[PDB]
file entry_10.pdb (PDB, C-alpha atoms)
ATOM      1  CA  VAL B   1      58.977 -42.904-156.484
ATOM      2  CA  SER B   2      61.043 -45.986-157.353
ATOM      3  CA  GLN B   3      64.844 -46.292-157.461
ATOM      4  CA  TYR B   4      65.806 -42.692-156.740
ATOM      5  CA  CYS B   5      69.017 -41.708-158.569
ATOM      6  CA  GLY B   6      69.085 -45.225-160.041
ATOM      7  CA  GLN B   7      69.822 -47.202-156.864
ATOM      8  CA  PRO B   8      67.046 -49.587-155.747
ATOM      9  CA  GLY B   9      65.771 -48.854-152.248
ATOM     10  CA  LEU B  10      65.832 -45.046-152.471
ATOM     11  CA  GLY B  11      62.548 -43.193-152.888
ATOM     12  CA  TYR B  12      60.439 -40.245-151.793
ATOM     13  CA  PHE B  13      56.968 -41.050-150.462
ATOM     14  CA  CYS B  14      55.043 -37.985-149.310
ATOM     15  CA  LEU B  15      51.579 -36.652-148.480
ATOM     16  CA  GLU B  16      50.115 -33.194-147.811
ATOM     17  CA  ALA B  17      46.735 -31.671-146.997
ATOM     18  CA  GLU B  18      44.864 -29.088-144.920
ATOM     19  CA  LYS B  19      41.908 -30.550-143.079
ATOM     20  CA  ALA B  20      39.552 -30.168-140.166
ATOM     21  CA  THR B  21      40.824 -32.419-137.428
ATOM     22  CA  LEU B  22      38.175 -34.791-136.070
ATOM     23  CA  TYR B  23      34.826 -35.593-137.692
ATOM     24  CA  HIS B  24      33.020 -38.657-136.372
ATOM     25  CA  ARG B  25      30.799 -41.185-138.145
ATOM     26  CA  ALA B  26      27.826 -43.492-137.615
ATOM     27  CA  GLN B  27      26.220 -40.089-136.597
ATOM     28  CA  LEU B  28      27.214 -36.391-136.642
ATOM     29  CA  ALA B  29      30.764 -35.057-136.799
ATOM     30  CA  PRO B  30      32.956 -34.477-133.721
ATOM     31  CA  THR B  31      33.760 -31.035-135.282
ATOM     32  CA  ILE B  32      37.223 -30.670-133.666
ATOM     33  CA  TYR B  33      39.757 -27.962-134.667
ATOM     34  CA  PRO B  34      37.876 -24.839-133.570
ATOM     35  CA  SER B  35      41.328 -23.265-133.234
ATOM     36  CA  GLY B  36      53.081 -22.186-142.989
ATOM     37  CA  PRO B  37      53.277 -25.930-142.398
ATOM     38  CA  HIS B  38      50.396 -28.085-143.606
ATOM     39  CA  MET B  39      48.510 -30.897-141.916
ATOM     40  CA  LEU B  40      49.304 -34.617-142.235
ATOM     41  CA  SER B  41      52.638 -33.821-143.911
ATOM     42  CA  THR B  42      53.607 -37.495-143.716
ATOM     43  CA  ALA B  43      56.880 -37.044-145.643
ATOM     44  CA  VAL B  44      58.183 -40.499-144.792
ATOM     45  CA  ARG B  45      61.628 -41.568-145.985
ATOM     46  CA  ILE B  46      62.663 -45.045-147.134
ATOM     47  CA  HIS B  47      66.233 -46.305-147.655
ATOM     48  CA  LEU B  48      65.591 -50.044-147.643
ATOM     49  CA  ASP B  49      68.172 -52.512-148.934
ATOM     50  CA  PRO B  50      67.310 -55.311-151.395
ATOM     51  CA  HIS B  51      70.204 -57.355-149.991
ATOM     52  CA  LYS B  52      68.799 -57.013-146.466
ATOM     53  CA  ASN B  53      65.265 -57.684-147.794
ATOM     54  CA  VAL B  54      63.619 -56.045-144.770
ATOM     55  CA  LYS B  55      61.070 -53.233-144.498
ATOM     56  CA  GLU B  56      62.582 -49.975-143.217
ATOM     57  CA  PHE B  57      60.604 -46.795-142.496
ATOM     58  CA  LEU B  58      61.707 -43.252-141.606
ATOM     59  CA  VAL B  59      58.346 -41.612-140.892
ATOM     60  CA  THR B  60      58.719 -37.844-140.435
ATOM     61  CA  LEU B  61      55.062 -37.344-139.624
ATOM     62  CA  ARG B  62      53.791 -33.826-138.879
ATOM     63  CA  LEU B  63      50.256 -33.136-137.633
ATOM     64  CA  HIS B  64      50.374 -29.333-137.334
ATOM     65  CA  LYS B  65      47.752 -27.732-135.066
ATOM     66  CA  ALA B  66      45.433 -30.713-135.475
ATOM     67  CA  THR B  67      43.314 -32.587-132.917
ATOM     68  CA  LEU B  68      43.796 -36.284-133.695
ATOM     69  CA  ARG B  69      41.304 -37.874-131.282
ATOM     70  CA  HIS B  70      38.712 -40.386-132.477
ATOM     71  CA  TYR B  71      37.516 -41.807-129.155
ATOM     72  CA  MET B  72      33.874 -40.807-129.444
ATOM     73  CA  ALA B  73      32.019 -42.897-126.853
ATOM     74  CA  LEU B  74      33.097 -43.651-123.291
ATOM     75  CA  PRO B  75      35.225 -46.520-124.666
ATOM     76  CA  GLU B  76      37.383 -45.885-127.722
ATOM     77  CA  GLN B  77      34.538 -46.682-130.096
ATOM     78  CA  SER B  78      35.069 -44.407-133.085
ATOM     79  CA  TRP B  79      38.784 -44.837-132.365
ATOM     80  CA  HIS B  80      38.136 -48.575-132.737
ATOM     81  CA  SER B  81      36.489 -47.803-136.076
ATOM     82  CA  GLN B  82      39.506 -45.726-137.124
ATOM     83  CA  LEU B  83      41.960 -48.465-136.116
ATOM     84  CA  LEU B  84      39.886 -51.101-137.929
ATOM     85  CA  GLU B  85      39.715 -49.037-141.129
ATOM     86  CA  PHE B  86      43.101 -47.299-141.366
ATOM     87  CA  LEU B  87      45.269 -50.124-139.964
ATOM     88  CA  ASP B  88      46.748 -52.083-142.868
ATOM     89  CA  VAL B  89      50.527 -52.314-143.378
ATOM     90  CA  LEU B  90      51.150 -52.262-147.136
ATOM     91  CA  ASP B  91      49.774 -55.637-148.194
ATOM     92  CA  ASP B  92      52.196 -56.580-150.979
ATOM     93  CA  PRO B  93      51.523 -60.037-152.479
ATOM     94  CA  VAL B  94      52.589 -58.797-155.932
ATOM     95  CA  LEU B  95      55.357 -60.415-157.973
ATOM     96  CA  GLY B  96      58.948 -59.469-157.197
ATOM     97  CA  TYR B  97      58.024 -58.523-153.594
ATOM     98  CA  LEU B  98      57.751 -61.421-151.210
ATOM     99  CA  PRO B  99      56.446 -59.552-148.144
ATOM    100  CA  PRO B 100      59.411 -58.078-146.269
ATOM    101  CA  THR B 101      59.180 -58.344-142.497
ATOM    102  CA  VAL B 102      57.623 -55.165-141.113
ATOM    103  CA  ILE B 103      59.703 -52.880-138.883
ATOM    104  CA  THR B 104      58.843 -49.292-137.939
ATOM    105  CA  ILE B 105      61.076 -46.442-136.718
ATOM    106  CA  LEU B 106      58.967 -43.353-136.050
ATOM    107  CA  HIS B 107      60.202 -39.774-135.595
ATOM    108  CA  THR B 108      56.736 -38.229-135.340
ATOM    109  CA  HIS B 109      56.149 -34.520-134.527
ATOM    110  CA  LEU B 110      52.652 -33.776-133.173
ATOM    111  CA  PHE B 111      53.442 -30.065-133.041
ATOM    112  CA  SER B 112      50.657 -27.965-131.451
ATOM    113  CA  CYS B 113      48.146 -30.851-131.564
ATOM    114  CA  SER B 114      45.842 -29.334-128.962
ATOM    115  CA  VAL B 115      43.649 -31.806-127.077
ATOM    116  CA  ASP B 116      40.606 -30.251-125.414
ATOM    117  CA  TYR B 117      37.685 -32.555-126.310
ATOM    118  CA  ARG B 118      38.763 -35.933-124.932
ATOM    119  CA  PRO B 119      35.382 -37.536-124.122
ATOM    120  CA  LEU B 120      34.578 -39.499-120.981
ATOM    121  CA  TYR B 121      31.521 -40.207-118.818
ATOM    122  CA  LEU B 122      31.412 -36.644-117.458
ATOM    123  CA  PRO B 123      34.423 -34.393-118.150
ATOM    124  CA  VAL B 124      34.086 -30.615-117.784
ATOM    125  CA  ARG B 125      35.241 -29.012-121.074
ATOM    126  CA  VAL B 126      38.749 -30.184-120.222
ATOM    127  CA  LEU B 127      41.521 -28.118-121.810
ATOM    128  CA  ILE B 128      45.096 -29.388-122.164
ATOM    129  CA  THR B 129      47.184 -27.107-124.396
ATOM    130  CA  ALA B 130      50.255 -29.074-125.429
ATOM    131  CA  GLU B 131      52.797 -27.205-127.553
ATOM    132  CA  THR B 132      55.021 -29.986-128.908
ATOM    133  CA  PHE B 133      54.446 -33.728-128.542
ATOM    134  CA  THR B 134      57.732 -35.000-129.968
ATOM    135  CA  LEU B 135      57.387 -38.808-129.910
ATOM    136  CA  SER B 136      60.859 -39.154-131.439
ATOM    137  CA  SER B 137      61.167 -42.918-130.949
ATOM    138  CA  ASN B 138      64.691 -43.306-132.318
ATOM    139  CA  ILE B 139      64.465 -46.985-131.317
ATOM    140  CA  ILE B 140      62.242 -49.618-132.931
ATOM    141  CA  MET B 141      58.763 -49.531-131.405
ATOM    142  CA  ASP B 142      57.705 -53.032-132.517
ATOM    143  CA  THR B 143      60.068 -54.860-130.166
ATOM    144  CA  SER B 144      60.653 -55.563-126.490
ATOM    145  CA  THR B 145      62.630 -52.321-126.060
ATOM    146  CA  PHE B 146      61.459 -48.855-127.142
ATOM    147  CA  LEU B 147      63.388 -45.671-126.367
ATOM    148  CA  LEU B 148      60.911 -42.759-126.630
ATOM    149  CA  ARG B 149      62.301 -39.253-126.024
ATOM    150  CA  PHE B 150      59.199 -37.179-125.275
ATOM    151  CA  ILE B 151      61.019 -33.838-125.327
ATOM    152  CA  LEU B 152      58.064 -31.523-124.719
ATOM    153  CA  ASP B 153      58.380 -27.715-124.719
ATOM    154  CA  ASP B 154      56.473 -25.740-122.075
ATOM    155  CA  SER B 155      53.056 -27.369-121.873
ATOM    156  CA  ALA B 156      50.144 -26.140-119.749
ATOM    157  CA  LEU B 157      46.633 -26.969-118.547
ATOM    158  CA  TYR B 158      43.367 -25.068-118.045
ATOM    159  CA  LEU B 159      40.157 -26.194-116.327
ATOM    160  CA  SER B 160      36.544 -25.287-117.117
ATOM    161  CA  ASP B 161      33.694 -24.165-114.858
ATOM    162  CA  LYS B 162      31.880 -27.079-113.217
ATOM    163  CA  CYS B 163      32.334 -30.840-113.148
ATOM    164  CA  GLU B 164      28.874 -31.595-114.531
ATOM    165  CA  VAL B 165      29.475 -31.737-118.256
ATOM    166  CA  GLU B 166      28.022 -28.287-119.005
ATOM    167  CA  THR B 167      30.591 -25.608-118.206
ATOM    168  CA  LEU B 168      30.681 -21.961-119.279
ATOM    169  CA  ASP B 169      32.912 -19.082-118.196
ATOM    170  CA  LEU B 170      34.287 -15.777-119.463
ATOM    171  CA  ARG B 171      37.565 -17.410-120.564
ATOM    172  CA  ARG B 172      37.351 -21.021-121.702
ATOM    173  CA  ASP B 173      41.137 -20.788-121.897
ATOM    174  CA  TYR B 174      40.748 -20.487-118.151
ATOM    175  CA  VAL B 175      43.247 -20.117-115.310
ATOM    176  CA  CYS B 176      46.329 -22.321-115.222
ATOM    177  CA  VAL B 177      46.275 -25.355-112.937
ATOM    178  CA  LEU B 178      49.288 -27.571-113.686
ATOM    179  CA  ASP B 179      51.857 -26.397-116.246
ATOM    180  CA  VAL B 180      55.163 -28.098-117.083
ATOM    181  CA  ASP B 181      58.333 -26.298-118.158
ATOM    182  CA  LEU B 182      59.705 -29.479-119.770
ATOM    183  CA  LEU B 183      59.121 -33.202-119.335
ATOM    184  CA  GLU B 184      61.811 -35.363-120.960
ATOM    185  CA  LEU B 185      60.076 -38.684-120.229
ATOM    186  CA  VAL B 186      62.718 -40.781-121.965
ATOM    187  CA  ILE B 187      61.066 -44.148-121.384
ATOM    188  CA  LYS B 188      62.910 -47.353-122.264
ATOM    189  CA  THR B 189      60.103 -49.898-121.913
ATOM    190  CA  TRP B 190      61.591 -53.403-121.884
ATOM    191  CA  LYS B 191      58.561 -55.543-122.711
ATOM    192  CA  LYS B 192      69.128 -47.727-118.129
ATOM    193  CA  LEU B 193      69.993 -51.453-118.050
ATOM    194  CA  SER B 194      67.061 -52.069-115.659
ATOM    195  CA  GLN B 195      66.085 -55.678-116.405
ATOM    196  CA  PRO B 196      62.633 -55.208-114.796
ATOM    197  CA  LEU B 197      59.816 -55.225-117.342
ATOM    198  CA  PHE B 198      58.248 -51.885-118.310
ATOM    199  CA  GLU B 199      60.896 -49.651-116.704
ATOM    200  CA  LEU B 200      58.950 -46.417-117.199
ATOM    201  CA  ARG B 201      61.886 -44.238-116.210
ATOM    202  CA  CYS B 202      59.964 -40.972-116.563
ATOM    203  CA  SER B 203      62.959 -38.750-115.792
ATOM    204  CA  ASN B 204      60.659 -35.727-115.617
ATOM    205  CA  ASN B 205      62.354 -32.348-115.240
ATOM    206  CA  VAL B 206      59.961 -30.332-113.022
ATOM    207  CA  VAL B 207      56.254 -29.634-112.323
ATOM    208  CA  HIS B 208      55.190 -26.069-111.548
ATOM    209  CA  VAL B 209      51.737 -25.760-109.955
ATOM    210  CA  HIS B 210      49.739 -22.602-109.231
ATOM    211  CA  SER B 211      46.297 -22.606-107.672
ATOM    212  CA  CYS B 212      43.621 -21.025-105.514
ATOM    213  CA  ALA B 213      41.512 -22.952-102.980
ATOM    214  CA  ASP B 214      38.580 -23.096-105.407
ATOM    215  CA  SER B 215      40.840 -24.023-108.334
ATOM    216  CA  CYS B 216      42.559 -26.981-106.665
ATOM    217  CA  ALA B 217      39.338 -28.100-104.983
ATOM    218  CA  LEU B 218      37.612 -28.167-108.384
ATOM    219  CA  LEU B 219      40.612 -29.969-109.885
ATOM    220  CA  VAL B 220      40.403 -32.628-107.167
ATOM    221  CA  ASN B 221      36.683 -33.014-107.893
ATOM    222  CA  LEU B 222      37.568 -33.350-111.583
ATOM    223  CA  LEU B 223      40.071 -36.126-110.867
ATOM    224  CA  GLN B 224      37.578 -37.814-108.521
ATOM    225  CA  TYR B 225      34.600 -37.757-110.894
ATOM    226  CA  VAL B 226      36.471 -38.375-114.158
ATOM    227  CA  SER B 227      57.891 -52.715-112.607
ATOM    228  CA  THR B 228      60.453 -50.039-111.778
ATOM    229  CA  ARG B 229      59.170 -46.465-112.139
ATOM    230  CA  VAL B 230      62.279 -44.570-111.042
ATOM    231  CA  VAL B 231      61.376 -40.945-111.714
ATOM    232  CA  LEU B 232      63.939 -38.891-109.802
ATOM    233  CA  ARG B 233      61.436 -36.193-110.730
ATOM    234  CA  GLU B 234      61.065 -32.860-108.943
ATOM    235  CA  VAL B 235      57.548 -33.036-107.516
ATOM    236  CA  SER B 236      56.477 -29.395-107.319
ATOM    237  CA  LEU B 237      57.848 -25.870-107.398
ATOM    238  CA  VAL B 238      54.287 -25.084-106.364
ATOM    239  CA  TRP B 239      53.544 -21.350-106.122
ATOM    240  CA  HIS B 240      50.072 -22.354-104.845
TER
END
call {"tool": "encode", "arguments": {"input": "entry_10.pdb", "output": "structure tokens"}}
result
Amino acid sequence: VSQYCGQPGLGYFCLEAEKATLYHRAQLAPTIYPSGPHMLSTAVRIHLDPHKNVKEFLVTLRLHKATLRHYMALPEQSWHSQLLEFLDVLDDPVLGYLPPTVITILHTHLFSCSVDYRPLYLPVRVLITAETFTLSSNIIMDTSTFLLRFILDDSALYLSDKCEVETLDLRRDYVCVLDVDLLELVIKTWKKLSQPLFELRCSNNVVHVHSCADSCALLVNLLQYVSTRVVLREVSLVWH
């Protein structure tokens, strides 16, 4: 749209689809999403001001039940391909638009974007079932400071059979290992008035942990084989 209700700067840019999450390229597809909002509902909002002459974005992104991973090889190789193809910020050399300085303010909602096929040298069918990944960065990301309220809701984790890549079991949504009730990691990275660079004040709420000797032993094998940081974070209400 252009000039919504007659006033320049007001518009409605949108996008909708329903897709299978992750298919790789050159070869063979990753084939992710083996799992009534739609996918990639990037209903961004723009209220820029001609007098200000600066690029404003209100991106209300919504990847519903997707799996937005593109890191095919051990390094982020197909992710590199994705970030070399997709990354281009509205090249506008046309007349009447001298390129306004780019500034981004995201309010993304990666609701139910399950991540269970993150590839590495030798993971074991790793399953991390996030519910809500609310990267509501109310502050400007492209700056020294970035307030990012990761208000998650009741995540969890489940581990597969055996560290060597091939792993089968009766339930691939296996036993719980390390679930979180909530983790409000409200980071203010300065790249709480803490002058020190990268103050990752992960003010985590709590970390429940349940386990059996085999379960935690296997988890430790998994971790083995696979600048203020003031948490004030409860370490474990471990029922283990």
call {"tool": "closest_atom_pairs", "arguments": {"input": "entry_10.pdb", "of": "stretch 17-96 of chain B", "to": "stretch 136-149 of chain B", "cutoff": "12 Å", "atoms": "all atoms listed in the file", "output": "CSV"}}
result
residue,atom,partner,partner_atom,distance
B:56,CA,B:140,CA,10.3
B:57,CA,B:140,CA,10.1
B:58,CA,B:138,CA,9.8
B:59,CA,B:136,CA,10.1
B:60,CA,B:136,CA,9.3
B:61,CA,B:136,CA,10.2
B:62,CA,B:136,CA,11.6
call {"tool": "closest_residue", "arguments": {"input": "entry_10.pdb", "among": "B:43, B:32, B:163, B:14", "to": "residue B:223", "atoms": "all atoms listed in the file"}}
result
B:163
call {"tool": "closest_residue", "arguments": {"input": "entry_10.pdb", "among": "B:236, B:215, B:228, B:221", "to": "residue B:181", "atoms": "only C-alpha atoms"}}
result
B:236
call {"tool": "atom_distance", "arguments": {"input": "entry_10.pdb", "atom1": "atom CA of residue B:129", "atom2": "atom CA of residue B:160"}}
result
13.0 Å
call {"tool": "residues_around", "arguments": {"input": "entry_10.pdb", "residues": "residue B:77", "least_positions_apart": "5", "cutoff": "12 Å", "atoms": "all atoms listed in the file", "output": "list in words"}}
result
residues 24, 25, 26, 69, 70, 71, 72, 82, 83, 84, 119 and 120 of chain B
call {"tool": "residues_around", "arguments": {"input": "entry_10.pdb", "residues": "residue B:1", "least_positions_apart": "3", "cutoff": "8 Å", "atoms": "only C-alpha atoms", "output": "count of residues only"}}
result
4
call {"tool": "atom_distance", "arguments": {"input": "entry_10.pdb", "atom1": "atom CA of residue B:103", "atom2": "atom CA of residue B:37"}}
result
27.9 Å
call {"tool": "resolve_selection", "arguments": {"input": "entry_10.pdb", "expression": "the PyMOL selection byres ((chain B and resi 237) around 7)", "output": "mmCIF file with C-alpha atoms, in the coordinates of the input"}}
result
data_model
loop_
_atom_site.group_PDB
_atom_site.id
_atom_site.type_symbol
_atom_site.label_atom_id
_atom_site.label_comp_id
_atom_site.auth_asym_id
_atom_site.auth_seq_id
_atom_site.Cartn_x
_atom_site.Cartn_y
_atom_site.Cartn_z
ATOM 1 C CA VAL B 207 56.254 -29.634 -112.323
ATOM 2 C CA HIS B 208 55.190 -26.069 -111.548
ATOM 3 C CA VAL B 209 51.737 -25.760 -109.955
ATOM 4 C CA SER B 236 56.477 -29.395 -107.319
ATOM 5 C CA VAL B 238 54.287 -25.084 -106.364
ATOM 6 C CA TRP B 239 53.544 -21.350 -106.122
#
call {"tool": "atom_distance", "arguments": {"input": "entry_10.pdb", "atom1": "atom CA of residue B:151", "atom2": "atom CA of residue B:210"}}
result
22.6 Å
call {"tool": "residues_near_point", "arguments": {"input": "entry_10.pdb", "point": "(35.4, -27.3, -116.1)", "cutoff": "12 Å", "atoms": "all atoms listed in the file", "output": "VMD selection string"}}
result
chain B and resid 116 to 117 122 to 128 157 to 169 171 to 175 177 214 to 223 225 to 226
call {"tool": "closest_residue", "arguments": {"input": "entry_10.pdb", "among": "B:40, B:186, B:98, B:15", "to": "residue B:150", "atoms": "only C-alpha atoms"}}
result
B:186
call {"tool": "resolve_selection", "arguments": {"input": "entry_10.pdb", "expression": "the PyMOL selection byres ((chain B and resi 64) around 7)", "output": "PDB file with C-alpha atoms, in the frame of the given file"}}
result
ATOM      1  CA  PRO B  37      53.277 -25.930-142.398  1.00  0.00           C
ATOM      2  CA  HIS B  38      50.396 -28.085-143.606  1.00  0.00           C
ATOM      3  CA  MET B  39      48.510 -30.897-141.916  1.00  0.00           C
ATOM      4  CA  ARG B  62      53.791 -33.826-138.879  1.00  0.00           C
ATOM      5  CA  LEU B  63      50.256 -33.136-137.633  1.00  0.00           C
ATOM      6  CA  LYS B  65      47.752 -27.732-135.066  1.00  0.00           C
ATOM      7  CA  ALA B  66      45.433 -30.713-135.475  1.00  0.00           C
ATOM      8  CA  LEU B 110      52.652 -33.776-133.173  1.00  0.00           C
ATOM      9  CA  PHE B 111      53.442 -30.065-133.041  1.00  0.00           C
ATOM     10  CA  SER B 112      50.657 -27.965-131.451  1.00  0.00           C
ATOM     11  CA  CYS B 113      48.146 -30.851-131.564  1.00  0.00           C
TER      12      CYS B 113
END
call {"tool": "resolve_selection", "arguments": {"input": "entry_10.pdb", "expression": "the PyMOL selection byres ((chain B and resi 184) around 12)", "output": "PyMOL selection string"}}
result
chain B and resi 132-136+147-155+180-183+185-187+201-207+231-233
call {"tool": "build_atoms", "arguments": {"input": "entry_10.pdb", "residues": "stretch 143-156 of chain B", "atoms": "N, CA, C and O atoms", "output": "short mmCIF file (atom, residue, chain, number, x, y, z; two decimals), in the coordinates of the input"}}
result
data_model
loop_
_atom_site.label_atom_id
_atom_site.label_comp_id
_atom_site.auth_asym_id
_atom_site.auth_seq_id
_atom_site.Cartn_x
_atom_site.Cartn_y
_atom_site.Cartn_z
N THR B 143 59.08 -53.98 -130.78
CA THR B 143 60.07 -54.86 -130.17
C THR B 143 59.88 -54.81 -128.66
O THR B 143 59.01 -54.10 -128.15
N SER B 144 60.70 -55.59 -127.95
CA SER B 144 60.65 -55.56 -126.49
C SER B 144 61.06 -54.20 -125.95
O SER B 144 60.44 -53.68 -125.01
N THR B 145 62.10 -53.60 -126.52
CA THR B 145 62.63 -52.32 -126.06
C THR B 145 62.14 -51.21 -126.97
O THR B 145 61.97 -51.42 -128.18
N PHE B 146 61.92 -50.02 -126.40
CA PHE B 146 61.46 -48.86 -127.14
C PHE B 146 61.90 -47.60 -126.41
O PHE B 146 61.29 -47.21 -125.41
N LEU B 147 62.96 -46.96 -126.90
CA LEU B 147 63.39 -45.67 -126.37
C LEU B 147 62.54 -44.57 -127.00
O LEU B 147 62.53 -44.41 -128.22
N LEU B 148 61.84 -43.79 -126.16
CA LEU B 148 60.91 -42.76 -126.63
C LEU B 148 61.24 -41.45 -125.91
O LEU B 148 60.85 -41.26 -124.75
N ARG B 149 61.95 -40.56 -126.59
CA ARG B 149 62.30 -39.25 -126.02
C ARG B 149 61.17 -38.26 -126.27
O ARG B 149 61.11 -37.56 -127.29
N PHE B 150 60.24 -38.20 -125.31
CA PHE B 150 59.20 -37.18 -125.28
C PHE B 150 59.75 -35.84 -124.82
O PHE B 150 59.49 -35.42 -123.69
N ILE B 151 60.50 -35.16 -125.67
CA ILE B 151 61.02 -33.84 -125.33
C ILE B 151 59.95 -32.78 -125.61
O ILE B 151 59.86 -32.21 -126.70
N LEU B 152 59.09 -32.55 -124.62
CA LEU B 152 58.06 -31.52 -124.72
C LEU B 152 58.67 -30.14 -124.47
O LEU B 152 59.76 -30.01 -123.91
N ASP B 153 57.96 -29.11 -124.91
CA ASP B 153 58.38 -27.72 -124.72
C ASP B 153 57.24 -26.91 -124.10
O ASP B 153 56.34 -26.47 -124.81
N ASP B 154 57.30 -26.72 -122.78
CA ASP B 154 56.47 -25.74 -122.08
C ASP B 154 54.98 -25.98 -122.29
O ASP B 154 54.27 -25.15 -122.88
N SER B 155 54.49 -27.11 -121.79
CA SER B 155 53.06 -27.37 -121.87
C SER B 155 52.31 -26.59 -120.79
O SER B 155 52.89 -25.79 -120.05
N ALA B 156 51.00 -26.83 -120.70
CA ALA B 156 50.14 -26.14 -119.75
C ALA B 156 48.83 -26.90 -119.61
O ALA B 156 48.63 -27.94 -120.24
#
